[PDB]
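Okay, so here's the structure we're looking at.
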Protein chains: 2
Amino acid sequence: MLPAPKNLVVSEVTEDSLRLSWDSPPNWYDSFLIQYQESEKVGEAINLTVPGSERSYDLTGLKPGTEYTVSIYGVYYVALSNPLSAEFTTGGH
Amino acid sequence: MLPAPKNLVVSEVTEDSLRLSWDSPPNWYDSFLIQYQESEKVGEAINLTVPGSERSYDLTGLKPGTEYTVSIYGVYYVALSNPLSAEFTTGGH
């Protein structure tokens with residue numbers, strides 16, 4: 001089976017930014033999908049993806065004094081094309 | 001064998017930022033994985049996803065004069081786990 005993740009805790013709250021933090025097993029995931037909308041009546045829901053190598057995001061650009069329905073998933077990859085791999089070099093020396 | 005994005009190039013080139021571009025068949029993938037790490041450290045890759053509708057992406061926060069290794073994958077089957085619901089109400093009125 002594939003685990004749902006655990007322990008979704010917001011950490012510092014303003015009018016426009018939470019900081020959703022969470023718990024999951026290292027490596028066993030690649031990315032993290034975050035769906036959120038107003039618990040109220042909010043047109044569309046918003047999705048955000050973040051490297052599995054992290055356990056916390058700064059959800060920003062939120063309306064003050066509003067209820068928000070958060071969800072969070074872990075993402076593992078079955079069907080991937082093969083890689084297209086290439087080297088590049090930034091400016092400077 | 002699902003088909004690989006081809007023609008990886010970089011456009012706007014700074015000491016902190018690079019613009020990736022590639023060609024991939026439409027109606028194939030609704031997500032792309034973009035892994036990148038310093039060609040110097042073999043160590044730990046960084047896994048960015050992107051909407052399948054795109055064919056270019058900006059690569060921000062980067063060291064000067066540095067050879068990065070990029071790889072792009074077409075994402076087709078995703079095992080996404082069961083939701084982790086939550087209510088949070090912003091500060092303010």
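Convention: chains lettered A, B, ... in structure tokens order; per-chain residue numbering from 1; ligands numbered from 1 as shown.
Copy-to-copy comparison places chain B at a Cα RMSD of 3.3 Å from chain A, following a least-squares fit over all residues.
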Next item on the list: Do me a favour and pick out the residues of chain B within 6 Å of chain A, using only C-alpha atoms, as a PyMOL selection string.
Entry: chain B and resi 2-4+14-15+47+64-93
Deliver the residues from the most recent selection as a file, using N, CA, C and O atoms, as a short mmCIF file (atom, residue, chain, number, x, y, z; two decimals), in the first residue's frame.
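Ended up saving to again_25.cif:
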```cif
data_model
loop_
_atom_site.label_atom_id
_atom_site.label_comp_id
_atom_site.auth_asym_id
_atom_site.auth_seq_id
_atom_site.Cartn_x
_atom_site.Cartn_y
_atom_site.Cartn_z
N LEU B 2 6.92 5.03 -24.06
CA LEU B 2 6.53 6.46 -24.06
C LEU B 2 7.64 7.41 -24.49
O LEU B 2 8.79 7.24 -24.08
N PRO B 3 7.31 8.42 -25.32
CA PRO B 3 8.34 9.15 -26.08
C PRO B 3 8.97 10.33 -25.35
O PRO B 3 8.29 11.08 -24.65
N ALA B 4 10.28 10.48 -25.53
CA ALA B 4 11.04 11.42 -24.73
C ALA B 4 10.95 12.83 -25.28
O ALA B 4 11.02 13.03 -26.49
N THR B 14 21.68 33.85 -16.95
CA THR B 14 22.31 34.69 -15.94
C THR B 14 23.22 33.86 -15.06
O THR B 14 23.48 32.68 -15.32
N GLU B 15 23.70 34.50 -14.01
CA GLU B 15 24.59 33.87 -13.08
C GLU B 15 23.75 33.22 -11.98
O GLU B 15 24.25 32.40 -11.21
N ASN B 47 13.93 18.01 -7.43
CA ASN B 47 12.80 17.58 -8.27
C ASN B 47 11.64 18.57 -8.42
O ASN B 47 10.74 18.62 -7.57
N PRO B 64 26.94 31.42 -9.61
CA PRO B 64 27.65 31.88 -10.82
C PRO B 64 28.61 30.82 -11.40
O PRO B 64 28.89 29.82 -10.75
N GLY B 65 29.11 31.06 -12.60
CA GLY B 65 30.03 30.13 -13.28
C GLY B 65 29.91 28.64 -12.97
O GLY B 65 30.93 27.97 -12.79
N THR B 66 28.68 28.14 -12.91
CA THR B 66 28.40 26.76 -12.47
C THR B 66 27.70 25.89 -13.53
O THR B 66 26.66 26.26 -14.08
N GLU B 67 28.29 24.72 -13.80
CA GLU B 67 27.72 23.73 -14.73
C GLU B 67 26.63 22.91 -14.04
O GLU B 67 26.91 22.06 -13.19
N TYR B 68 25.38 23.15 -14.41
CA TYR B 68 24.30 22.35 -13.86
C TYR B 68 23.88 21.23 -14.79
O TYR B 68 23.96 21.34 -16.02
N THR B 69 23.43 20.14 -14.18
CA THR B 69 22.86 19.03 -14.91
C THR B 69 21.34 19.03 -14.77
O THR B 69 20.79 18.96 -13.65
N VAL B 70 20.69 19.10 -15.93
CA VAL B 70 19.24 19.12 -15.99
C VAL B 70 18.76 17.89 -16.70
O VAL B 70 19.47 17.33 -17.55
N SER B 71 17.56 17.47 -16.33
CA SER B 71 16.88 16.37 -16.98
C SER B 71 15.40 16.61 -16.90
O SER B 71 14.88 17.01 -15.86
N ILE B 72 14.72 16.36 -18.01
CA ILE B 72 13.29 16.58 -18.07
C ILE B 72 12.61 15.29 -18.48
O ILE B 72 13.04 14.62 -19.42
N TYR B 73 11.54 14.96 -17.76
CA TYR B 73 10.78 13.75 -18.00
C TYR B 73 9.33 14.09 -18.28
O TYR B 73 8.78 15.00 -17.67
N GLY B 74 8.71 13.35 -19.19
CA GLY B 74 7.27 13.45 -19.40
C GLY B 74 6.53 12.55 -18.44
O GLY B 74 6.78 11.35 -18.39
N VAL B 75 5.61 13.15 -17.67
CA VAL B 75 4.87 12.45 -16.60
C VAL B 75 3.50 11.93 -17.05
O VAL B 75 2.65 12.71 -17.47
N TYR B 76 3.28 10.62 -16.95
CA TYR B 76 2.08 10.00 -17.51
C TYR B 76 1.15 9.30 -16.50
O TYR B 76 -0.06 9.54 -16.50
N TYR B 77 1.72 8.45 -15.64
CA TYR B 77 0.95 7.75 -14.61
C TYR B 77 1.47 8.20 -13.26
O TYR B 77 2.66 8.06 -12.96
N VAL B 78 0.58 8.74 -12.44
CA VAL B 78 0.97 9.18 -11.12
C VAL B 78 0.17 8.46 -10.05
O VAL B 78 -1.06 8.50 -10.04
N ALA B 79 0.89 7.80 -9.15
CA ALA B 79 0.28 7.31 -7.94
C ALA B 79 0.24 8.48 -6.97
O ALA B 79 1.27 8.85 -6.38
N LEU B 80 -0.95 9.05 -6.80
CA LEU B 80 -1.17 10.10 -5.80
C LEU B 80 -1.94 9.47 -4.64
O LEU B 80 -2.97 8.80 -4.86
N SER B 81 -1.45 9.68 -3.42
CA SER B 81 -2.03 9.03 -2.23
C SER B 81 -3.42 9.57 -1.82
O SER B 81 -4.01 10.39 -2.53
N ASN B 82 -3.95 9.13 -0.68
CA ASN B 82 -5.21 9.65 -0.17
C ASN B 82 -4.99 10.98 0.58
O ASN B 82 -3.98 11.15 1.29
N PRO B 83 -5.94 11.93 0.43
CA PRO B 83 -5.84 13.28 0.99
C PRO B 83 -5.50 13.32 2.48
O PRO B 83 -5.71 12.34 3.19
N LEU B 84 -4.98 14.46 2.93
CA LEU B 84 -4.77 14.75 4.34
C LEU B 84 -5.42 16.11 4.65
O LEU B 84 -4.74 17.14 4.69
N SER B 85 -6.73 16.08 4.86
CA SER B 85 -7.58 17.28 5.04
C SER B 85 -7.22 18.17 6.26
O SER B 85 -6.56 17.70 7.20
N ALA B 86 -7.65 19.44 6.21
CA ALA B 86 -7.40 20.41 7.30
C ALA B 86 -8.12 21.76 7.14
O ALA B 86 -8.28 22.27 6.03
N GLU B 87 -8.54 22.31 8.28
CA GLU B 87 -9.17 23.63 8.35
C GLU B 87 -8.21 24.63 8.98
O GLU B 87 -7.69 24.38 10.07
N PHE B 88 -7.98 25.75 8.30
CA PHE B 88 -7.21 26.85 8.88
C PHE B 88 -7.73 28.19 8.45
O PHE B 88 -7.95 28.43 7.26
N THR B 89 -7.91 29.07 9.42
CA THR B 89 -8.51 30.37 9.18
C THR B 89 -7.51 31.45 9.45
O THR B 89 -6.98 31.56 10.55
N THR B 90 -7.27 32.25 8.42
CA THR B 90 -6.25 33.30 8.45
C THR B 90 -6.45 34.31 9.56
O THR B 90 -7.55 34.44 10.09
N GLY B 91 -5.38 35.02 9.89
CA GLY B 91 -5.46 36.17 10.77
C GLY B 91 -6.18 37.27 10.03
O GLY B 91 -6.30 37.23 8.80
N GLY B 92 -6.66 38.26 10.77
CA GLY B 92 -7.38 39.38 10.17
C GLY B 92 -8.88 39.12 10.13
O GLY B 92 -9.34 38.05 10.55
N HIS B 93 -9.63 40.11 9.62
CA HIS B 93 -11.09 40.02 9.53
C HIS B 93 -11.56 39.91 8.08
O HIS B 93 -12.77 39.92 7.80
#
```
Next item on the list: Write out as a PyMOL selection string all residues of chain A that DSSP puts in strand (DSSP E) for this structure's backbone.
Entry: chain A and resi 6-9+21-23+31-38+46-51+67-70+73-80+84-89
